[PDB]
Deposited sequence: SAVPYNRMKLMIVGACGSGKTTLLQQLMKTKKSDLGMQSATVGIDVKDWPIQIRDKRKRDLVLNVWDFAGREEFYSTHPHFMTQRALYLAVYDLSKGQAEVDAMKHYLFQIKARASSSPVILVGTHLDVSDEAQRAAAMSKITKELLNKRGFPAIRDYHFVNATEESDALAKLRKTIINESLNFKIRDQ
């Protein structure tokens, strides 16, 4: 059983979406874990046999963490689906791949959409993104339960960011209730 005070947050999205930047800005308070995943083409170029490619997981960090986080590799988590608003509606459409992945591999997990790069976006992009979110993503079959969607500047502190923090707390607790 997951410890009463713990659960997982998965930050997913295309490269350049501002995922690492958003996480840096969201976390003002911290507190070992290490995971190296490597691609290993262990059987290739064999004339008769199909190729075999392994994804290999190598773990680092302190033993205490792994004792305190018994289910830390579960797929059941809160997901932040992050995209660059300044890249236009095509980026929201690209996000659908991530959303499908979440719906298939973790059908019960909730999602919060986060559009970064709000400071370098124009209102037409904001309105188009919101329109597409509400007309194509919210409560549509084949997509996970999108509980909220935000538009932020991931590079600095602001009220929108504190709002996202509170949404994250609230949705995590909603998920803990199951």
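Stretches of the deposited sequence absent from the structure, as judged by C-alpha coordinates, are 1, 33-40, 188-189.
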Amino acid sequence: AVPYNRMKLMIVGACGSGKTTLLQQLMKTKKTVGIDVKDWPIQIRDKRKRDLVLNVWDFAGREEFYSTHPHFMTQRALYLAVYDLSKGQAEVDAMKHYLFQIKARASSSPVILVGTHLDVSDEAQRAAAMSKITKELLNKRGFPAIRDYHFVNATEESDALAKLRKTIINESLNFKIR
From here on, numbers count along this sequence of modelled residues.
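Stretch comparison (63-71 versus 106-114) by mean CA B-factor in the PDB entry places 63-71 on top. Going by the entry's values, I44 shows the largest Cα B-factor out of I44, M130, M27, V152. The PDB entry assigns its highest CA temperature factor, among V82, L99, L85, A90, to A90.
Among all modelled residues in this chain, the alpha-carbon of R48 has a temperature factor (C-alpha) in the middle third. For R126, the recorded CA temperature factor ranks within the middle third of the chain's modelled residues. The deposited CA B-factor of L173 belongs to the middle third of values across its chain.
When all modelled residues of the chain are sorted by CA temperature factor, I146 is found within the lowest third.
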